């Protein structure tokens, strides 16, 4: 049984050189070891004003926001509000295009709709334009044939998933996920009172914050602290302690395996690989050459319920931030790596692997 100081030594040995080599101003890392949280912070959250990273520093999670999306969707399924088999047109009747027939909420959630684009076009700045965009989108492949990671896909899933609730995505997320899990330092919109804790992201040494964009909250707009992310990992790793029934069930549903792409399985937001595994699979898999590629999707029907012997993870980036979260339910082991500089995904994964390999 490792002591907090022994874990600290392991973490620092990897993070110190990482920050120096990648020129990362500040980082916050959470380690879940034997189900218990351990926090670590380094550097600056704000260079110009010389403010350090603290346990309350808020980092832009980028696409790790998709895991919150998936869980909220799972919760909606558990509430009987939506079904993954429901057609997209049930929630957005205005999508009359014939190309939308046969496309389900599952397809949107798992990037298997047929090639929806990675990004929603920048020229789209209003609801009307967003409708035209989806209406005129032409599928590149038939539903379920290929997986193409895309913000426009899961972003739409999140927006439609909360429609029956009658709440906005932000309100639904806050009331159904953030508050029940006591994530008091997790936000889609950082309030004025918490701006003092909002770290600046850095690109080319310049401070920057993510700009507003269509379906941003749903795909890449959540901000959170190291303490809240440790709680998020614990809740997703083992939801047996989660009191709210539909949330507990929603968490489990987000880790069901809906498709197999090579050796990776697609959940709702979360991505999974069988455990044990070898470093190359996840490191190489995180390179954009693989992560952003259009690959054949093999349907898992019926979906396989959450497998404890899995490496569950998600990468996330914005212009000024780079994040990574990974956990292994079988081992009650996990890690959160938050940084206020975006750096190569494979570098993040390799660092996480070296650390957890020493905490087996």
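Residue numbers count along the first chain shown, from 1.
Across the two stretches, 102 to 110 and 228 to 236, the PDB entry reports the greater mean Cα temperature factor for 102 to 110. The PDB entry reports B-factors from which the mean C-alpha value can be compared for 167 to 175 and 132 to 140; the larger average falls on 132 to 140. Taking the PDB entry at face value, the top CA B factor among 186, 274, 119, 248 belongs to 119. Which of 196, 257, 209, 289 has the largest Cα B-factor in the deposited entry comes down to 289. Remark: residue 270 belongs to the lowest third of its chain, ranked by C-alpha B-factor as recorded. Ranked by C-alpha B-factor against the other modelled residues of its chain, residue 71 falls in the lowest third.
Split the chain's modelled residues into thirds by C-alpha temperature factor. Residue 337 is in the lowest one. Among the modelled residues of its chain, residue 314 has a C-alpha B-factor that falls in the lowest third according to the deposited record. In the deposited entry, the Cα temperature factor of residue 63 places it in the lowest third of its chain's modelled residues.
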